[PDB]
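Below you'll find the structure, written out as structure tokens, and then a few comments.
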Number of protein chains: 2
Amino acid sequence: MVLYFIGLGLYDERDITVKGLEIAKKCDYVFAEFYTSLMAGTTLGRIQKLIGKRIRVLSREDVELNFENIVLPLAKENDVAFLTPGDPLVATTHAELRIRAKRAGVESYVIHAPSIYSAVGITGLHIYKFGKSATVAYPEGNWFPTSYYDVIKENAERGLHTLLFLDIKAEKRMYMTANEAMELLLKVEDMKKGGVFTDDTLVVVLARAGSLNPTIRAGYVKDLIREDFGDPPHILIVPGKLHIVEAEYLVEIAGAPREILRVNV
Amino acid sequence: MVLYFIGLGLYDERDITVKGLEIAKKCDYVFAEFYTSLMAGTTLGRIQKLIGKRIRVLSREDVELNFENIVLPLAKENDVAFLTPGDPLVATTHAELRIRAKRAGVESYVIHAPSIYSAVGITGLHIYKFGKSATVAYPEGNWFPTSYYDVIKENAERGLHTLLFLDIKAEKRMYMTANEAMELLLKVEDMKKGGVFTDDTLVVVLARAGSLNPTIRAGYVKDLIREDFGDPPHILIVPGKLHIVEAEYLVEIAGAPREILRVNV
Ligand SMILES: Nc1ncnc2c1ncn2[C@@H]1O[C@H](CSCC[C@H](N)C(=O)O)[C@@H](O)[C@H]1O
């Protein structure tokens, strides 16, 4: 009669909360989705070993089209867990699943976990200064989406930071790198000429948040565009004007050039 | 030797990540602060029992004025952990503490935990649509903070949602309720008269996120301003223009008036 939405956290199998783990262990059935994002620091096998139960993986179609035929029927007479990378319901499509549960007469509860949305606090940038967020999508064929560029423009003009989620082909486990994102943005700039993203733009790259050894780097595009930030996942942030405290953290912790202390504050 | 900043999560001792728990258990000294937020579902004793270590609680003065005199000295020859509610670097000034650690020649690591900043996803509002955030602070003496009103105005004009952290005076055991925040906002509205926050404004309240049964309510200020949302902590949200699915979730899950389903595109 109960469905638990449980977050797995940021990077590996230990990023789930104690609450999430203990509840998952006592569930009769455990399902999981890895299409909204991936858990780069672990494997399905390691998550399964930790929880001590078979993990039934579901595709985007299984969920979006058949959630009520696959998960809810069992949740009706058993305790069922639905694992998701990060924090449940951050992904835009997850919320509606609780309405499906209600419609089916199934109680649902949410067990939170760390999300990249909040983990970016490790960049030293003040969380309250983050504006609207966006996703940088790979252009394909004759389609060249650029809405993320406008998001940066609107946040930056108001002195706000912009969190940029990078494209991920979950199924193929292929990640867009911060370098690729920077090239795209430079390409978009050359087309819109909005003076939003150039070689002189200060950016912050956060890779493998959740790991004990994430890569946190800050600097100008001209210098970071060909830098190796390590294995995925990568997150790109275009900060707005900096509070001196934010700048000092970027210099001392993220290796930012001293120049940001006088150019970006 | 090393210093770990470990988040404890949203509501109780089990909101800590497995990674955080396993590391805390092996530290030589464990310190913590409980003034940045309120964990309403646990006690110091329960946290101490879970980690199996005595926890030395520090006050705001201890941290802000003497972190480098109380904590860092021990981290030079021991493994030390500093625990905090929620995520250690969200809506706190703890990031600066990493700079102090560096200058003291101490390596520091960050272990994330569920944060209210991302847990708001449980309201059904799209996380990427949240703009700049703000804090509603208690007026003191002749000083009456009003910056949060302008943040709402700015976000709303862009169609973005506004997350409002509510004030806390830990040593006095005072936790601002959503009701008190709404009352303060109505007063700022009468002063600035910008039509930003009125009796007809739609708001969302999230109380005790992290618990299995948090209070999630949506409705007009005139109806919710006197409603009992239960024990603190509370967070207040002023949505921008709603997507149809956001409205559906607020109606189905947060008990919002069915009329909001009819969005004015
Ligand atoms: N479980 C919870 N439910 C509702 N609001 C919460 C909450 N935890 C924190 N808050 C809100 O956030 C304020 C503290 S701000 C510090 C937040 C913390 N670092 C985190 O990551 O969550 C509180 O006064 C309250 O308004």
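Method reported for this entry: X-ray crystallography, 1.8 Å.
Placed from the backbone N, Cα and C atoms, the Cβ positions cover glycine too.
Record note: Swiss-Prot gives A:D87, A:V90, A:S115, A:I116, A:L166, A:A209, A:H234 as S-adenosyl-L-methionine-binding, and the candidate from A:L3, A:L8, A:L10 in that site is A:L10. Taking a C-beta cut-off of under 8 Å and a sequence gap of six or more, A:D87 (S-adenosyl-L-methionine binding site) has these contacts in its own chain: A:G7, A:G9, A:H112, A:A113, A:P114, A:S115, A:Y117, A:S118.
Highest Cβ count within 10 Å among the binding-site residues A:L10, A:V90, A:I116, A:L166, A:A209: A:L10. For the binding site of S-adenosyl-L-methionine, formed by A:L10, A:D87, A:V90, A:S115, A:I116, A:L166, A:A209, A:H234 according to the record, the largest Cα to Cα distance is 18 Å, rounded to a whole number.
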